[PDB]
Every structure is written in C-alpha cells, then in structure tokens.
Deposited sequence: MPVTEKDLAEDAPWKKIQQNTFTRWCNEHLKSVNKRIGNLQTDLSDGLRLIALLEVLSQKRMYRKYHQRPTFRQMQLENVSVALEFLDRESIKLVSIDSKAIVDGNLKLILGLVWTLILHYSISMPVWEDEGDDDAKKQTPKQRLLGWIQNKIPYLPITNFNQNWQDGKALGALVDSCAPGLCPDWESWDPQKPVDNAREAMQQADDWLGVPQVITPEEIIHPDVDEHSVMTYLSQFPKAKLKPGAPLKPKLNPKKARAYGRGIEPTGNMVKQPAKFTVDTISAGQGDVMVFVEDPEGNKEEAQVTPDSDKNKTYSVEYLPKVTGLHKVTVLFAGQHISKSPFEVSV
C-alpha cells in the first residue's frame, strides 16, 4: 500500500526526466533491467555522458549485467552511495532494492544538491522551505498534514497568489477535489508535474517519500506567462470616484467628498491622506457607508489653492489610479 504509491510516484518521477530523451518506464521492476533506461536517467540527472561504452542492444542477461555494471560504476565515481545494491538486484528485478536506488537518486538530485530561494538533512531542508511558504498552517510532516488537500492549496497560491486564492475556504471534507484543484493549477501554471496523484497524496497509507518526491519540485517552480491569477487581495480592484478626486471643481475651504469601492479588492481597510501644495500631509476622514463596508465615504477640507495630491490606500497599497491630483 505505502509501497504501491511509492512505486507509482518513483516511476512517474523517473519518467519526467526520461521524457527529455524520448524514453519511458512502464514497469519499474523490469524496465531498468537491461541498463539502457537507467544509464539514460543518470545522464539526464548528472548532465554528463557515460564515458565507458555499453551494449546498445542487450539481448541476454550477461549483456544486461554488463550495462548495469557501467551505471553502478558511474554512481560510485559520482560519490552517490547506494544501499545494498549490486548488478543482479537491478537485472533480476529486486523491487525493494530498485525502489531504494531510485529514492537515492531523488534524495540526491531533487532535494540535496539543488540550490533554492544549517546542519540540516534534506528532509528538514524541504520541510523548512514548505513551512516558509505556508505560514498559517503547522507543516511538521509529509503525510497527515496534506490529507485534507488544503495545504496543497496554500502552497500553490503562495507560489503564485491568485491560483488558489480561496484555499482557506475549501471544504476539508472534499480532500480529493481540493488536491486535484491545487495540483492541476501547479501543473498548468507552475510547471510542477503530478508525479503523485491527488488520490494518492491524500491516501492514509501514503508514504513520506512519495510526498517528498512531489513537493521537492516546488522550489524550482516557475510561473508561466498568461496565468489566470485572481489574488484574494487586490488593491487595484479598489476604485475611487466623486467630486473629491476629480482634477477640477473642488472649492477652497469647502468640504471635498468622494467614495471608495472595495467590494472586489478583498480583505483590508481604507486609508486616505492628502498632500497640499506646501507638502503638509493630513489624514482624511474615512467612513463605511454600511455594515458591509463595501464602499467608504471620504472627506477632507482643502484650505489653500493649488495642486493637492490625494493618496488612497487599501491594505497599505495604492488603489487603482492613486494618487489623484486635485486642483483647488
């Protein structure tokens, strides 16, 4: 069960790399046996070519042993220690050991070696990077924390705010739907392949290794252009209108009033300050027009003639077209 999901995930991980050289693994237990796909995988990961020649068409066990020998020799030279792995283990399809070999490659190339943006183990390093992205959830493991699918939503939206903006509101009783939504968005717009499936990652018997294999891809993730980002917080969705922010009309020593709409701007408070021609900055009176605070009435009193600059902020950030130039 934990090993079934692991086999699938490790297989998909191998395939994402092999795709670059037009190869693929159907069954991990058998398809590394002749050494050809193993060699190819190692070349992609290490970005080096095999220095020793090998059999291009191994048709019997002896030739397969000799091919794997080259691969294992290469691994020893790269200083990638292997846990109880000999040539026959691979050729004769010892699944538990073959899984160990793949994990060794995942751990080294996907988690340990890469540079991301202490005396730490790779696992601790990844856990720390993930936790830094998901500040509002206690991320202490690679199993139970991901079961309701919301953590995935948080991670993806954090990498590109607007992909899963409402993750915190997702129904926790719909784990598969949540995970699918988050993982498909990451796939489409962050380039993170679903080396594990939504159904697998939330499975109770899921293994930490399978989960780590998937999440290890996020540090390298990059946002594709044209991504349909609809961030929860969007100050630029907030808009101001009314005489008070129109370039002309406002009379000196007469109340200047306008409105601020924040219905689509998300969560935050409105703050407005006015700079007069002298440089004096005064805070304007802001008042909600109702219990739902969808709009705000703003009022200030221009006291001298000349150019006034009205800064309107939502969540501490300029709204659309702020600051507004107002001549008195």
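In sequence order, the deposited residues that have no C-alpha coordinates form the ranges 1-12, 130-136.
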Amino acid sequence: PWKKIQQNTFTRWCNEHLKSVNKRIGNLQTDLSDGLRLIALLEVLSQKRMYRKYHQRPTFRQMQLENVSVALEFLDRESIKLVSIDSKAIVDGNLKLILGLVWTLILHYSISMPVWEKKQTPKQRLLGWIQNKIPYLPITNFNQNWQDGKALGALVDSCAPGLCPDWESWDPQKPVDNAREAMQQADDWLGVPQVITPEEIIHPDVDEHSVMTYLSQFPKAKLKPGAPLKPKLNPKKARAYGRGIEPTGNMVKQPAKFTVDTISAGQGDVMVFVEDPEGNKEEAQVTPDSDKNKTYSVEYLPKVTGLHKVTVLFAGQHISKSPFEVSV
From here on, numbers count along this sequence of modelled residues.
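Comparing the deposited coordinates for 22-30 and 289-297, the stretch with the larger average C-alpha B-factor is 289-297. Mean CA temperature factor is higher for 107-115 when stretches 107-115 and 134-142 are set side by side in the entry.
In the PDB entry, the Cα temperature factor peaks, among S210, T197, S87, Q120, at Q120. Of the candidates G149, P161, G100, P225, the deposited coordinates give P225 the top C-alpha B factor. Annotation for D269: C-alpha temperature factor in the highest third relative to the rest of the modelled chain, per the entry. Sort the modelled residues of the chain by CA B factor and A284 lands in the middle third.
Annotation for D92: C-alpha temperature factor in the middle third relative to the rest of the modelled chain, per the entry. In this PDB entry, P231 carries a Cα temperature factor that places it within the middle third of its chain's modelled residues.
Ranked within its chain, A154 lands in the lowest third, by CA B factor from the PDB record.
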